[PDB]
Amino acid sequence: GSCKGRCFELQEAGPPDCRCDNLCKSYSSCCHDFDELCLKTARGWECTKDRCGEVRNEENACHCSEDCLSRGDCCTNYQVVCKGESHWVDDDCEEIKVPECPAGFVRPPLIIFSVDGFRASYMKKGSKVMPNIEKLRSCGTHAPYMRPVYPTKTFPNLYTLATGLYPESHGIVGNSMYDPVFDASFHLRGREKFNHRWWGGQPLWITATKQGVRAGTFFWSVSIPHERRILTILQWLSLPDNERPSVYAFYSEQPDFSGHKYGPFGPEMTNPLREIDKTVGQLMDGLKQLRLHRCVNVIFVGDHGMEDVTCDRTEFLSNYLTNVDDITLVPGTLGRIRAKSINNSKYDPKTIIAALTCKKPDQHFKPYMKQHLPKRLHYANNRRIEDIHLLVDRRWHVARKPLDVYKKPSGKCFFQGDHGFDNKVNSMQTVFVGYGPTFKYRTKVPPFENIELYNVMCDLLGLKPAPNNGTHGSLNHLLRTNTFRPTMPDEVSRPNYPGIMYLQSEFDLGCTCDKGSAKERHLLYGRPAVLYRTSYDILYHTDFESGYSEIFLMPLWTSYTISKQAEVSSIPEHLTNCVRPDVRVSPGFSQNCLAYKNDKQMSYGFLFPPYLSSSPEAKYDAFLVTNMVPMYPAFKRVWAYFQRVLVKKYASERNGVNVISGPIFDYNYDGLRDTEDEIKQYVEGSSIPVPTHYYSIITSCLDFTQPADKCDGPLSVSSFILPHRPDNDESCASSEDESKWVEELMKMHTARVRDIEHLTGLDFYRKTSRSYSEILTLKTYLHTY
Ligand SMILES: *[C@@H]1O[C@H](CO)[C@@H](O[C@@H]2O[C@H](CO)[C@@H](O[C@@H]3O[C@H](CO)[C@@H](O)[C@H](O)[C@H]3NC(C)=O)[C@H](O)[C@H]2NC(C)=O)[C@H](O)[C@H]1NC(C)=O
Ligand SMILES: CC(C)CCC[C@@H](C)[C@H]1CC[C@H]2[C@@H]3[C@H](O)C=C4C[C@@H](O)CC[C@]4(C)[C@H]3CC[C@]12C
Ligand SMILES: [Ca+2]
Ligand code: NA
Ligand code: NA
Ligand SMILES: [Zn+2]
Ligand SMILES: [Zn+2]
Ligand SMILES: [Zn+2]
Ligand SMILES: [Zn+2]
Ligand SMILES: [Zn+2]
Ligand SMILES: [Zn+2]
Ligand SMILES: [Zn+2]
Ligand SMILES: [Zn+2]
Ligand SMILES: [Zn+2]
């Protein structure tokens with residue numbers, strides 16, 4: 001029928017006549033009078049001194065009559081031009097200790113101001129370009145940058161912000177994606193994205209609605225001007241108590257559109273950055289007009305950054321594969337390949353991997369089986385994530401064939417910037433600013449991941465978060481109140497402490513070789529808790545302590561401390577192939593050397609390095625069968641270099657380091673610790689499981705003037721999850737000296753301590769002088785280099 005009076009309605013029971021909401025233009029339909037009653041534009045969007053005190057001319061976009069403040073439909077500059085007040089940006093920011101909200105407000109509202117493609121570096125253009133945004137940053141809580149999820153695209157990141165899930169869990173693994181169960185494709189442009197079958201998890205607007213918290217319509221048809229969106233949000237905030245939503249969302253497609261066109265370093269970028277700042281100012285002027293500028297929590301958040309890319313820098317699969325017409329490629333700043341699924345696609349995953357592996361000297365992309373991607377990306381577990389993946393170098397593109405490159409008729413590309421690269425790339429980092437009563441005042445917080453924001457916004461709204469992948473409590477330092485109180489998880493499996501129980505006479509099944517007060521110097525942060533049911537033993541030695549699993553026949557963790565001045569010894573010739581039985585552990589619960597001799601592809605290594613033994617007598621402990629783990633010979637090149645060369649180097653740089661190393665089983669690549677039933681590989685003819693990865697947590701003192709074992713204040717951690725591979729094809733320069741490639745491989749596979757905890761069932765840093773919230777921040781820190 002008619003949209004009279006009910007423009008941008010939030011009807012839940014049932015709109016009477018037609019459709020009049022924000023998303024009626026794009027999807028479904030609208031009434032006929034929508035564009036006049038609801039999309040008024042007369043006089044523009046700012047008040048003139050000529051029209052101050054006007055008579056309510058309803059046809060106007062916004063009103064400058066004195067009755068506008070009652071209905072909340074004034075122009076955002078009405079108080080400034082018609083009542084002599086100042087702009088919000090011209091006021092000195094005053095510390096907001098408590099929310100200054102109207103009488104009926106039950107919780108301080110949350111407005112999410114999302115900007116598409118706002119590079120974190122844009123914040124340095126200063127107040128001459130973005131005075132409003134600079135006031136939000138300098139007076140609220142801001143990080144230097146926020147880390148998006150991989151892929152660093154719009155839809156995966158905006159939905160990750162709304163759900164707190166990795167894209168592999170909430171389902172929006174890309175702007176483009178194919179679902180084999182649906183047998184359909186999903187795209188930014190289309191009506192398919194409106195179908196609810198694509199969206200997993202529980203987004204914030206659903207979490208709020210299910211718990212009684214009203215949410216305004218987060219989305220807007222593209223034909224709704226930004227000034228009308230701001231005016232609509234301010235009109236909703238003037239609704240009565242029983243109808244007023246508590247959470248709102250404003251999304252701007254800029255500066256993404258200009259960043260794509262002119263690049264991130266173009267002088268033209270100051271024009272859209274000014275228009276965004278004016279939209280922010282219109283919102284803050286409108287909130288000050290409603291006296292809500294010291295009541296509402298405002299989150300100025302971006303989805304991803306922006307990198308200089310050009311048509312010039314494009315890699316083509318036709319330069320690597322013989323036939324590219326039998327595969328489908330999701331191209332651009334990333335690569336996802338799948339079979340055309342025709343009758344005879346004739347397609348082999350690792351054959352295509354092999355054809356893409358280290359073929360050109362300056363190759364600007366690397367192929368991966370999705371299971372072998374760096375575990376920090378968490379982009380391996382979804383039916384919509386193809387098995388083959390390409391990590392594209394920053395500043396570069398990957399395409400199927402050269403004809404796919406679209407350029408202007410002139411000798412110039414259509415785009416100068418793009419986005420979607422690895423989320424540790426500095427140009428992909430985006431902006432986070434929190435401004436309001438619940439956020440801290442003039443506070444700078446360390447960079448963090450956007451998966452953590454859903455928990456925070458649930459805390460800001462009094463909502464119990466749906467199960468997600470943020471670490472609840474790791475961002476408490478952002479808020480001045482309403483924090484979540486994290487609890488250290490209960491230990492599930494309690495260790496045995498075995499003494500000398502066996503005679504060594506019923507031992508050495510194929511092997512040959514020619515307590516608690518001195519090991520505390522190696523277990524600085526308490527023993528890790530085993531959060532799953534298992535049987536395991538604590539083993540003490542002069543140089544290291546270990547939690548040996550009687551089930552997996554190997555330690556779950558091995559802890560030891562190396563000092564700045566520790567000297568590296570070699571492995572003696574008479575001890576190179578020495579393995580000694582451990583009289584504390586039953587022979588039936590120990591590994592045996594017969595299995596390694598029979599397994600022609602599996603060697604063995606040691607979790608504690610014999611290279612760092614404190615004395616010749618102590619070195620015999622490092623060769624115990626309980627310190628031994630299965631290791632491919634190709635992996636031993638990485639492990640031996642790390643143990644012999646890098647541990648000493650790190651200890652000399654960081655004034656000593658404490659190292660915790662152990663195995664990882666993830667055969668179903670869900671990022672979670674495997675049970676026995678899921679382990680799919682053992683050492684030949686034995687029950688010794690093979691780890692898919694090996695982790696190490698290298699902790700030292702943040703204050704490098706104090707040694708690692710005498711550290712007072714905060715800790716400095718760098719962890720990694722190295723893939724246990726029978727080859728080093730991931731490292732193109734592995735033929736050269738290990739000093740050229742081993743550390744580059746380890747930096748690529750950096751990881752959160754939290755990532756290691758998901759994959760092991762262990763819980764670290766349980767005995768520290770720091771608060772648990774501070775430790776949760778430590779566990780969620782990524783050394784990106
Ligand atoms: C990111 O968060 C996700 C939760 O939002 C985690 O995914 C969850 O993993 C759980 C592992 O047990 C699944 O539990 C299953 O729940 C169903 C309920 O009907 C039951 O089968 C079982 O309780 C359980 N299944 C098994 C085999 O134990 C959750 O279903 C699952 N959640 C979703 C939404 O899929 C991710 O693991 C987590 N990612 C990381 C890296 O930690
Ligand atoms: C590009 C513009 C036209 C805007 C497009 C908006 C579009 C992506 C939005 C509009 C409606 C959204 C769905 C709706 O809010 C409800 C749900 C249920 C919830 O449990 C999961 C998310 C889902 C399906 C929303 C997905 C995003 C939609 C389609
Ligand atoms: Ca698993
Ligand atoms: Na062998
Ligand atoms: Na190689
Ligand atoms: Zn119009
Ligand atoms: Zn300038
Ligand atoms: Zn975007
Ligand atoms: Zn973009
Ligand atoms: Zn094979
Ligand atoms: Zn892929
Ligand atoms: Zn015998
Ligand atoms: Zn495991
Ligand atoms: Zn990794």
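Looking at the PDB entry, one finds the protein chain named Isoform 2 of Ectonucleotide pyrophosphatase/phosphodiesterase family member 2 and attributed to Rattus norvegicus. The Subcellular location field of the UniProt record for the protein chain holds the comment "Secreted".

Quick notes on the domain arrangement of the protein chain
One widely used convention gives an interface's size as the accessible area the parts lose upon coming together. Each assigned domain of the protein chain is listed here: domain 1 (109-165 + 201-307 + 428-478), domain 2 (314-414) and domain 3 (519-779). A separation of 41 Å is found between the C-alpha centroids of domain 1 and domain 3. Between domain 1 and domain 3, the residue contacts involve 9 residues of the former and 5 residues of the latter. Roughly 520 Å² is buried in total at the junction of domain 1 and domain 3, and carbon and sulfur atoms are behind 48% of that figure. Area buried by domain 1 at its contact with domain 3 is led by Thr471, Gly473 and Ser474, which between them contribute 55% of it. The interface formed by domain 1 and domain 3 contains 1 salt bridge.

Considering the UniProt feature "disulfide bond" in the protein chain
Between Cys47 and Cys64, where UniProt records a disulfide, the sulfur-sulfur distance comes to 2.0 Å, consistent with the annotated bond. Here the residue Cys47 occupies a position in the loop between α1 (34-37) and α2 (68-71), and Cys64 occupies one in the loop between α1 and α2, the gap between them amounting to 17 residues. For the residue pair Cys47 and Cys64, the accessibility class agrees, reading buried in each case. Regarding the annotated cystine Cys93-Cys139, the two sulfur atoms come within 2.0 Å of each other, below 2.5 Å, so the disulfide is formed in this entry. With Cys93 in the loop between α3 (78-82) and β1 (110-116) and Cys139 in helix α4 (residues 131-139), this residue pair connects regions lying 46 residues apart in the sequence. The two residues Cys93 and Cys139 agree in class, both being buried.

Here's the deal with helix α12 (residues 453-460)
Taking burial as the measure, the 8 residues of α12 include 8 buried ones, the bulk of the element. One or two residues past the end of α12 sits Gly462, with phi positive at roughly 65 degrees.

A short note on the pattern of salt bridges
Per the counting criterion, the structure on display carries 40 salt bridges. Here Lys779 ties to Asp763 by a salt bridge, and the two come within 3.3 Å at their closest N and O atoms. Highlighted residues: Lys779 in helix α17 (residues 772-779) and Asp763 in strand β29 (residues 762-763), separated in sequence by 16 residues. An identical accessibility class is assigned to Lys779 and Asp763; each is buried. Shared partners join several salt bridges into a network, and the residues in it are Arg754, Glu757, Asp763, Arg766 and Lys779.

Some details on the coordination of the zinc ion (ligand 8)
Around the zinc ion (ligand 8), the protein supplies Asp116 (OD), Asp116 (OD), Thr154 (OG1), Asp303 (OD) and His304 (NE2) as donor atoms, at distances of 1.9 to 2.6 Å. Each donor residue of the zinc ion (ligand 8) lies on one chain, and together they are spaced D-x37-T-x148-D-H. The metal-metal distance between the zinc ion (ligand 8) and the zinc ion (ligand 9) comes to 4.3 Å. Taken together, the residues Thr154 in helix α5 (residues 154-163) and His304 in the loop between β7 (297-302) and β8 (307-308) connect sequence positions 150 residues apart.

Some details on the site of ligand 2
Contacts to ligand 2 come from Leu23, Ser26, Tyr159, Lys193, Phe194, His196, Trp199, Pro203, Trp205, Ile206 and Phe219. About the coverage of ligand 2: the protein hides 74% of its 630 Å² of free accessible area. Looking at the shell around ligand 2 residue by residue, the classes come out as 8 nonpolar, 2 polar and 1 charged.

Things to note about the packing of aromatic side chains
As enumerated under the stated definition, the model contains 38 aromatic pairs in all. The interplanar angle of 45 degrees and the centroid separation of 6.0 Å between the aromatic rings of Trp639 and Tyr694 together place this pair among those described as tilted. On the criterion of sequence distance, the pair formed by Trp639 in helix α14 (residues 633-653) and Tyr694 in strand β26 (residues 693-701) is long-range, its members being 55 residues apart. Judged by relative accessible area, which is 0%, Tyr694 ranks as buried. Three or more aromatic residues joined by ring pairs make a cluster, and in this case those are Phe155, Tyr159, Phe182, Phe186, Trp198, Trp199, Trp205, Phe218 and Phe219. Against the face of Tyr611 rests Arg644, its NZ or CZ located 5.7 Å from the ring centre.

A few points about the site of ligand 1
Every residue near ligand 1 is listed here: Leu165, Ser169, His378, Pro467, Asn468, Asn469, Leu672 and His758. Within the side chain of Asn469, an N or O atom sits 2.3 Å from an oxygen atom of ligand 1. About the coverage of ligand 1: the protein hides 36% of its 800 Å² of free accessible area. A per-class count over the shell around ligand 1 returns 3 nonpolar, 5 polar and no charged.

Focus: the pairing of strand β13 (residues 388-392)
Most of β13 sits inside the fold, with 5 of its 5 residues counted as buried. The alternating pattern of β13 places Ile388, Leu390 and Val392 and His389 and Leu391 on opposite faces, both of which are buried. With 4 bridges joining them, strand β11 (residues 334-339) and β13 adopt antiparallel strand pairing. Bridge pairing links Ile337 to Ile388 in β13. Two strands pair when backbone bridges link them, and strand β12 (residues 365-369) and β13 are joined in this way by 5 bridges, in the antiparallel orientation. If you follow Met369 over to β13, its bridge partner there is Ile388.

Conventions used here
Residues numbered from 1 in each chain as written, not as in the entry; some residues may be left out. Chains lettered and ligands numbered in written order. Heavy atoms only, no water. UniProt positions renumbered as here; feature names shortened; annotations may be inferred. Domains from an automatic or database assignment. Contact = heavy atoms within 4.5 Å. Buried area = accessible area lost by both parts, 1.4 Å probe. Salt bridge = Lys/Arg side-chain N within 4 Å of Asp/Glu carboxyl O. Disulfide = S-S within 2.5 Å. Helix = DSSP H or I, 4+ residues; strand = E, 2+ residues; numbered from the N terminus. Buried < 20%, exposed > 50% of the residue type's maximum accessible area, 1.4 Å probe, protein only. Donors = N, O, S within 2.8 Å, 3.2 Å for Na, K, Ca; no water. Near = heavy atom within 4 Å. Areas by Shrake-Rupley, 256 points an atom, 1.4 Å probe, with all protein chains shown as cover. Nonpolar A, V, L, I, M, F, W, Y, C, P; charged D, E, K, R; others polar. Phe/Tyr/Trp six-rings, centres within 6.5 Å; stacked < 30°, edge-to-face > 60°. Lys NZ or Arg CZ within 6 Å of the ring centre and 35° of its normal. Polar contact = N/O pair within 3.5 Å; in protein donor to acceptor, adjacent residues only side chain to side chain. Pairing = 2+ DSSP bridges.

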